[PDB]
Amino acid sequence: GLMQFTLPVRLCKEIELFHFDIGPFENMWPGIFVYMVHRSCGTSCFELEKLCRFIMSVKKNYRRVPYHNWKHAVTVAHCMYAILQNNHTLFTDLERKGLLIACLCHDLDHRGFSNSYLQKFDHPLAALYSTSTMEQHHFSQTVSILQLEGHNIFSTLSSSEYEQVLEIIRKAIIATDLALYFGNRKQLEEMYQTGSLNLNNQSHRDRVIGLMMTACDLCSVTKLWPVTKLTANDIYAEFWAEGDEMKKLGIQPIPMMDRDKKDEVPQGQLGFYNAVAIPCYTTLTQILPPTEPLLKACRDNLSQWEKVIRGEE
C-alpha cells in the first residue's frame, strides 16, 4: 500500500511536460506507466500485483512493428496523463482510470497495416468488423486480457461502474480511428462556436474524450523536432511496407505509401499538419485551454517541415 514508484530527477520533472520522450530503455516503460496511474488516479485505483500482470500481458500482445508498437502505447498514455494532470477537476474518478488504460491498449495486436489494406487483402478481421476494423480488434484484445485469471484490474468496481469504465474504454479506442476524427472535430467546432457545448451532456463528453484520444494518438507531432523527425522514419517505414504489399495485390498505393515517392514526404507532412494535426490541437485548446502547449509544439514542427521544403534542412 505504501510502495510508490519514483523516477530519477530529470524524468520526475520532464514527465509532467507535454513534450516528454519516454526514452530508449524499454525496461523503464512499465514503471513510467505505473508512476503515471499513481499520480493521475491514486495508489489505490488498482491492485499493484494485478496492474503489473495486466501491463506485462498488454506489452506481450504488441508486435515488433516499426511504429504501432509498445513504445507508441506508452507514449500515447503519457500524453493522456499530461492532459488529465493539467485539467485536474474536469474528469471523474472512472474517466481517469479508463482513459490511461484505453491509451495503453488502443493499438493492441496491430500488424502495421491500415484498415484499407485489411479490406483490400480481404483479411478475416475485415469480415468480422466492416468499419474501424483494427480499432474493434484492439478493444476485443483489451477485453480478452481483462478476462485472464489475475488480470481484472477493475474487479473492485461495482457492476455498473465496471460497465461504465469498459464503455469509456470502447468509445476511447474506437475514436482512435482517424476516419472518424474529421466529423467528430467538425461537430465539436460547431458546438464550441454556437456555445451549445455542455460537459454534463454525456454525448458531448464522449466527443471531447474522442478528440483527446486523437490528440494523444498523434502526439508524435508535439515533441521536440529531433523526436518528431526520427518518429516520422518509423511511421513511413510501416506505410512503405503497406505500399509494397498493395503492389503485391496489383494496386498502385497512394504516394504516402509508395517508397518510390520519398521526395514528396515534406509536402505530405505539411498537408497532414494543415488538414489533421493543427485543427485537432486548436479545437482541443478551445475546449481545454491548458493543452495549448500541444498546439504550440505542433506549430513549431509545422515550421520545421516548411524549413525542410525550402532546402534549409
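Each form is matched to the other, and the largest set of C-alpha atoms that superpose within 1.5 Å is called the rigid core. Sequential numbering from 1, following the sequence displayed.
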Determine, for 114 to 122 and 230 to 238, which one has C-alphas that on average lie farther from this form in 7 other deposited structures of this protein; superpose on the rigid core first. 114 to 122
Core-aligned CA RMS in 7 other deposited structures of this protein: between 241 to 249 and 279 to 287 the higher one is 241 to 249
Look over 76 to 84 and 150 to 158 in the entry and identify the one with the greater average Cα temperature factor. 150 to 158
286 to 294 versus 17 to 25 - greater average Cα B-factor per the deposited record: 286 to 294
Highest Cα B-factor in the deposition, which of 69, 269, 61, 43? 43
Among 191, 105, 172, 235, which carries the highest Cα B-factor? 191
Compared with the other modelled residues in the chain, in which third is the CA B-factor of residue 180? middle
By the recorded C-alpha temperature factor, relative to the other modelled residues in its chain, which third is residue 226 in? lowest
Place residue 256 in the lowest, middle or highest third of its chain's C-alpha B-factors, as listed in the PDB entry. highest
When the deposited Cα B-factors of this chain's modelled residues are ordered and cut into thirds, is residue 206 in the lowest, the middle or the highest one? middle
If you rank the chain by CA B-factor, which third does residue 118 end up in: lowest, middle or highest? middle
